[PDB]
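Participant: Experimental structure and sequence below, a few questions after.
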Amino acid sequence: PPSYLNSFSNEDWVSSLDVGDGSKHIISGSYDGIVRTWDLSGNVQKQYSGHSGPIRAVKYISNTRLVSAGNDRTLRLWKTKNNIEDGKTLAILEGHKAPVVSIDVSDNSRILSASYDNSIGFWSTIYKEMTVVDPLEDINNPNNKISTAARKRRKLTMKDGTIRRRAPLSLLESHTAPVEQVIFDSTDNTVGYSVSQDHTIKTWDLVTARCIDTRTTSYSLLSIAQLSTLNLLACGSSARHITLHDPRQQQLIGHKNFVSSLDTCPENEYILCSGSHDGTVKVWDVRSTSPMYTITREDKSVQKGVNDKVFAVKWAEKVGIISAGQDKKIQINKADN
RNA sequence: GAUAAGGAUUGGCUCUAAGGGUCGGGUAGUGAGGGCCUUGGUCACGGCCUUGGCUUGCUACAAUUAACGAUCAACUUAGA
């Protein structure tokens, strides 16, 4: 049974989590716009500051590279050096027009971003491979009828230095409602299953940047995970259940609110974890239809319905199950046989 | 119709609410960010980790008659 191992606090809500492929550090995105790296002891190792709004997604690119997204429509690539280290923004990535809520990173140095502008961004880890965008050029080269107030408003957006800005490699635009999550294919690295609020699961041809196949669900979808080793797609919906789809059936029920995040057990082939806005994480066997363990938040000051939500859950193969949400604490559960 | 006239060169008193909106000021020193460079190890021209040289911040003297300038947006003959 997954037992409570350790828990360390934050200043504000935690919205995202990541551990990376092989490492011990925990990456957390918070609602203050600060990205924090932990060393399994509750001590902050690296801080990333500069996002205007709350962070909604963080991902691990390399030992010295991170990518983060937030309410401001800017992906930020962070580069560190290898007490407390302060990372520097390697690049800013623009063009979503609505807050970005999910990111994923592939093997071939590519990024997929899902935002509430019912569109998906196809981005590159290497910023030298993208067209640069000049914020000055909009108001300076034509300079047709831009007022002084508009010019000052535009200038006030560049007070935090002159940081590099890049344009997306492509815009995957077929959804009709905000997109909640997008993931790479665990094998192909060219297939881009995503879920949105328009009741659909869409698969994408990243080479041609178009939608290939669309499946319609009865309720809006909030989280998507892939089980390529047994070829299924688990989509947790706002209807408090997880639907299993065959990307070429069964539904898991028991949650009492929006299912926000999903993850898959790295050592077991049939086990996946789900976090929901009711404050409980649940581990599920694909062959069954009922939760086998239900983790709850271990805190004396937490209230079940007042401030208790799970915005991020992660299956880390070296430390267990990482949960984070409305309570500032980041919770670790054993989840090892 | 106010404002001294209405073929001419129209500009017209003192004090006293408002008179469309907005923006903008120097010379020097040092911190920051970008750009061109370049130097090593590393992975099949391209990455990864490292080395030395237009925007903005902080201080020191002039200007404070910016009583200036710039831009956006409005407007036409009340005479029978």
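Facilitator: Arrived safely, thanks for sending. Numbers count the residues shown, from 1 in each chain, chains lettered A, B, ... in the order given.
Participant: Need the contact partners of stretch A:229-244.
Facilitator: Outside stretch A:229-244, the residues that touch it by Cβ atoms under 8 Å, 6 or more residues apart in numbering are A:193, A:195, A:201, A:217-227, A:245-248, A:250-253, A:255-262, A:264, A:269-270, A:272, A:274, A:276, A:284, A:286. All C-beta spots, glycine's among them, are computed from the backbone N, C-alpha and C.
Participant: Could you list which of the residues you listed belong to strands?
Facilitator: Among these, the members found in strands (DSSP state E) are A:195, A:201, A:221-227, A:245, A:251-253, A:259-262, A:264, A:272, A:274, A:276, A:284.
Participant: Flag every buried residue along stretch A:173-181.
Facilitator: The neighbour-count check on stretch A:173-181 (16 or more other Cβ atoms under 10 Å) flags A:174, A:175, A:178, A:179, A:180, A:181 as buried.
Participant: Neighbours of the nearest residue to the first one once chain neighbours are set aside, how many?
Facilitator: In space, residue A:174 comes closest to residue A:211 once its chain neighbours are excluded; the distance is 4.2 Å by Cβ to Cβ, 6 or more residues apart in numbering. Taking other Cβ atoms under 10 Å as the criterion, the count of residues near residue A:211 is 18.
Participant: measure the closest residue to residue A:99 other than its chain neighbours to residue A:241 for me?
Facilitator: Spatial nearest neighbour of residue A:99, chain neighbours left out: residue A:71 (4.3 Å); criterion: Cβ to Cβ, 6+ apart. Note on residue A:71: its distance to residue A:241, by Cβ to Cβ, to the nearest Å, is 28 Å.
Participant: now residue A:301
Facilitator: Taken as Cβ to Cβ, the span from residue A:301 to residue A:241 is 30 Å.
Participant: The residue of the stretch 151-300 of chain A found nearest RNA strand B: helix or strand, and which one exactly?
Facilitator: In the stretch 151-300 of chain A, the residue that lies nearest RNA strand B is residue A:161 (3.3 Å; Cβ to the nearest atom of the strand). Residue A:161 belongs to no helix or strand when assigned by DSSP states H and E.
Participant: Can you pull the phi/psi pair for it?
Facilitator: In terms of degrees, to the nearest 10, the main-chain angles of residue A:161 are phi 70, psi -180.
Participant: Run a quick neighbour tally on it.
Facilitator: Count around residue A:161 with other Cβ under 10 Å applied: 7.
Participant: go on, residue A:206?
Facilitator: 22.
Participant: Much appreciated, bye for now.
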